[PDB]
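Data first, discussion second: the structure below is written as structure tokens.
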4 protein chains.
Amino acid sequence: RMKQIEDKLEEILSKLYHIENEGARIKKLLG
Amino acid sequence: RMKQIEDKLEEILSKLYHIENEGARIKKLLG
Amino acid sequence: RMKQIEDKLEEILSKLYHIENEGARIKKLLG
Amino acid sequence: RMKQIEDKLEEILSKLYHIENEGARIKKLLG
């Protein structure tokens, strides 16, 4: 069951990169 | 108590999807 | 060790609410 | 493999702190 949690963790990490990137876009835009 | 973790994670992901959608609206509204 | 993970999960949840709220502010602002 | 989870979580949180700071700059730059 540990490998099921690890899929989610990685998926969560991916989503965090995407959000961090969306935020940098918006930032560069405004500036 | 590994299921309780996987439940939390799943909740986390939903929040992240919502955050992601927020940034989409922010991008349209902006650029 | 499960209760150490649970502190982090909750802390992560908290931070997600804060970010979701920061995003709604920005959104309301722009609009 | 419960430590590997706690490591991931800690990584997640750092990302969330960074996202949080991004939204701070976005708010200043904007309002």
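Residue numbering restarts at 1 for every chain, and letters A, B, ... go by the order of the sequence lines.
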Report whether B:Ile12 and D:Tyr17 are members of the same hydrophobic cluster (ILVMFWY, side-chain heavy atoms less than 4.5 Å apart, transitive linking). yes
Inspect the surroundings of NZ in B:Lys3 and state if more than 12 heavy atoms from other residues, nucleotides or ligands are less than 6.0 Å away. yes
Nearest-0.5 Å distance, CG of residue C:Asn21 to CD1 of residue B:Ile19: 9.5 Å
Rounded to the nearest 0.5 Å, the CG atom of B:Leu30 sits from the CG atom of A:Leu30 at a distance of 4.5 Å
Which residues satisfy the salt bridge (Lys or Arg N to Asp or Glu O under 4.0 Å) test with D:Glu11, sequence neighbours excluded? none
Do A:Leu9 and C:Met2 belong to the same hydrophobic cluster, where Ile, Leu, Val, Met, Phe, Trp and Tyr are linked whenever their side-chain heavy atoms lie under 4.5 Å apart, directly or via other members? yes
Let me check something: do B:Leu13 and D:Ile5 share a hydrophobic cluster, defined by ILVMFWY side-chain heavy atoms less than 4.5 Å apart, either directly or through other members? yes
Nearest-0.5 Å distance, CD of residue C:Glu22 to CD of residue D:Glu22: 10.5 Å
In short, D:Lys27 meets C:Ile26 closest at the heavy-atom pair CG-CG1, 3.7 Å
Between A:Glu6 and D:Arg1, does a salt bridge (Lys or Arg N to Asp or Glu O under 4.0 Å) hold up when you go through it step by step? CA-CA 10 Å; A:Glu6 244 69 52; D:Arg1 288 290 295 296; 3.3 Å; yes
Sequence neighbours left out, what passes side chain to side chain donor-acceptor pair (under 3.5 Å) with D:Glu20? Give chain and number order. C:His18
